[PDB]
Structure formats: C-alpha cells, structure tokens
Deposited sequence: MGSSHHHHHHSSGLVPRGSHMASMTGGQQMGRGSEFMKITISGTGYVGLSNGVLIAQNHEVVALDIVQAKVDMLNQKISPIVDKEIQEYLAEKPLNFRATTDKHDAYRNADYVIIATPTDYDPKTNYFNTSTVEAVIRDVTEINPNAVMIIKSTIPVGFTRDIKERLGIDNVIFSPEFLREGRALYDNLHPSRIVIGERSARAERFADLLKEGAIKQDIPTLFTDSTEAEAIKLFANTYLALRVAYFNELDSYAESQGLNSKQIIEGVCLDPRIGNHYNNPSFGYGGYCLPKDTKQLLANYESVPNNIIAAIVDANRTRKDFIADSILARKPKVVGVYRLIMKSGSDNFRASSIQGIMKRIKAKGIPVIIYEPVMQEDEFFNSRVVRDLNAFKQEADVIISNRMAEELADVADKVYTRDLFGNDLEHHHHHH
C-alpha cells in the first residue's frame, strides 16, 4: 500500500505526523502561508524541532507542501486535522472553529477521505459533528507529543489510540507504527467519545499527583520534616514510582491548569470530590507557599527565572511587597508591573528572599535566602511535571 495522507495544520502535531508518515507514503501538507509552504518545499522546517529539521533535510521523504486546498485534499486516503483550538476555562468555551472549517472543506472537496482529528477537541465533539453534518468520515486520535520533541515522540510513542473500532482505523494505526522506530507499540481502538476523554483523564491524574506530593510537602514544611526522605520512601513502592513527585509552587503550564478545569466542568452533573479538589488544591498550595515567604518578612522578593510562580508573585504583590524578576530571556524592563533586573549581582543583593523553581549554582552564593521546594529539578533523568 502506498497511500496519500494530507496534513491540515503545520504546527508540531501536524508536521511531526506528516514527516513520520512521509517515510513510507505520499504526504501533502496544506498551509495558506506561502512563506511556510516555500520553506517546507525547500526542506526547511518552520518550527523548532531537531528531528523534524534533520529528517526534512536528510531523508528521502515523499513530502510536499501546498497552499491549495483542492491539490491537498484530492485523492487523499486520510486527512490529519491538526489546526489550532483553545479552551477558555472562565467561560467553558472550546473554540473548534479551525477544525470545523477543515471538516467543511474536506467534505466538500473529497467526501471519501477519512479525517483523523489530532487537534485537541471537547469530549463528545466527533460523535456530535458526524451527527450534525450527516457524515461518517471523521475519527479522533489523541496526540501525546511534547513540543520541541514531537517527531521524537512519534518515533517512540507511549501508545497509539484511535477512536474508532474498524479496519480503516487499524490501517491508520499501522501507518503510525510503520514509521516509528519503537517496535510493538501498545495500540488501542476505542469508540469516539471514550478516546476524546483519555487525555483529560490522564493529564488530570498527573495534576493530581503533583497536587498530592505538594500537599505532602506542605505537611513536611509545616512539621519541620525532610520532604525528600518521605517522598523517596513512598515512591520506592512500585505501584507509586519515582516520577511526577517533585514538590513545586503548583502545577502549571499550558495544559494541566486548563485540562483539570475542563474536566471539572464536564463533571457538572456527576458527584465527585477528587476532580474538584485537584483544582482547589493548587490555589491552596500557592497560598501556603506565599504565606511561607511572607512569614520571613521580606522587604523585596526576587523571582529567579520566569506559571505557578506567577501565582505566588500575585499573592506577594497583593500584600504590598515589591517583586523583582531576574530573567535574561526577557527584554522588557517590566513584567506585570514588576521590575525586571538585568544584573544578577544587583538582583541578589536587593532581594531579601529569592524564590525559584530550582536551586542553581548561581544562587549557591546566597542559598540562605533562597526559597525553593524543588527536589529533582537538577536530576536530568528524572521524569516530572515542568512548565
């Protein structure tokens, strides 16, 4: 078999899946920005990903890009939809417009193509859109990729999940296995809405674990105990494990805070205590961390390197104590009404307490006034949440 697979959306999810599949099939990437299409056809990646750049430049891929929808979709066996979406927790609004625009375009241009949605979508989306438009050729498949390592994660995936139980779903999973380096990849075929719920439940469990080890750490600090001794002893249970057990100022990033809230909204009519507590626990942890810093009565608090630490900053400022930020990557002189300080020595001298997500050799000099609850941030082989 030698199929045609079109990628609609050339961000890391679409491009890593396109490059993976272009090792063995015909892949056409659709993007309206001519400069990106030209880059791609010149074998230059528009995104930062070492392996995508290497594969595009060095391997014989049957890959091309076009700005033309008809050229892209015609005769495609599968179309991977990987366009941008966004969930807003304040309004419980999930913007799926880009995905719905591609479903409209593919249905019009090639109604026989099978669409595989890799974009993040709300639970129930695919069953509902199929019913709404009266079409059957849409399947959801979650992506488990890290930005920056997206082709690597497709070459060595944790698992492949396709949200339809059928031969055409299995042939798509086979495309993903054929291109991968990892062998015997766990493969699961589910119904649609169940597949759409997997990442919310997996990401909410990871947030739960960060929140739980952070409550263990709140207790250890309150009781004058050594958090690392307790966490190491707990995590030596093989059913618990030495991963995602690094105390912090709270879970953060662009995923866990939103997914935990999205899942909680989906529980509006389902009795629960854990789902709601995962969200509340992060606010409580940030309050506990800010209260600890404020108890030291600092006149100025310094933040060494720059999302949960921003929540701590908000609480310190709410008490009228100024915050200064050391962050070389930042060019502006102010961030959220707080001064950004360029000279490290000046920053260390002015800050009465320096808060950070990781101890750094640069702060050894002033360790006595450094407050961090991090335990594993300098162990490069340790697996935990980072944002």
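**Student:** When the deposited sequence is counted from residue 1, which ranges lack any model?
**Tutor:** Coordinates drop out over 1-34, 341-351.
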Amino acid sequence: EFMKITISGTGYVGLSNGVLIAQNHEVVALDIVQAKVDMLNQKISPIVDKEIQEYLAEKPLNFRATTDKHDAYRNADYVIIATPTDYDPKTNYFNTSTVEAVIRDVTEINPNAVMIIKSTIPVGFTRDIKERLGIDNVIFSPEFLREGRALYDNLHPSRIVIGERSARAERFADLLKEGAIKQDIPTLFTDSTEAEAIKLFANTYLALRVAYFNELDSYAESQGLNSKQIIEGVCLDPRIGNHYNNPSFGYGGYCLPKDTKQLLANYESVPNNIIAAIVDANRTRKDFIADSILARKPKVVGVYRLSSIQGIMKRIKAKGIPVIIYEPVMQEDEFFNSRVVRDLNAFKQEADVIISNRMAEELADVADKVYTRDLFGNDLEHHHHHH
From here on, numbers count along this sequence of modelled residues.
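**Student:** Test of understanding: from the entry's C-alpha B-factors, which stretch has the higher mean, 284-292 or 189-197?
**Tutor:** According to the entry, 284-292 carries the higher average C-alpha B-factor.
**Student:** Averaging the C-alpha B factors as listed in the entry, name the stretch that ends up higher: 70-78 or 116-124.
**Tutor:** It is 70-78.
**Student:** If you compare 310, 273, 141, 218, which has the highest Cα B-factor in the entry?
**Tutor:** Highest CA B-factor of the listed options: 310.
**Student:** Pick out which of 61, 324, 65, 329 has the highest C-alpha B-factor in the PDB entry.
**Tutor:** Spelled out: the listed residue with the top C-alpha B-factor is 329.
**Student:** Could you say whether, by C-alpha temperature factor, residue 232 belongs to the lowest, middle or highest third of its chain?
**Tutor:** Lowest third - that is where residue 232 ends up once the chain's C-alpha B-factors are sorted.
**Student:** Can you tell me whether residue 52 has a C-alpha B-factor in the lowest, middle or highest third compared with the other modelled residues of the same chain?
**Tutor:** For residue 52, the deposited C-alpha B-factor lands in the middle third.
**Student:** Within this chain's modelled residues, let me know which third the CA B factor of residue 163 belongs to: lowest, middle or highest.
**Tutor:** Residue 163: CA B-factor falls in the lowest third of its chain.
**Student:** Sorting the chain's CA B-factors, does residue 304 end up in the lowest, middle or highest third?
**Tutor:** According to the entry, residue 304 has a C-alpha B-factor in the chain's highest third.
**Student:** Considering only modelled residues of the same chain, in which third does the CA B-factor of residue 247 rank: lowest, middle or highest?
**Tutor:** Lowest third.
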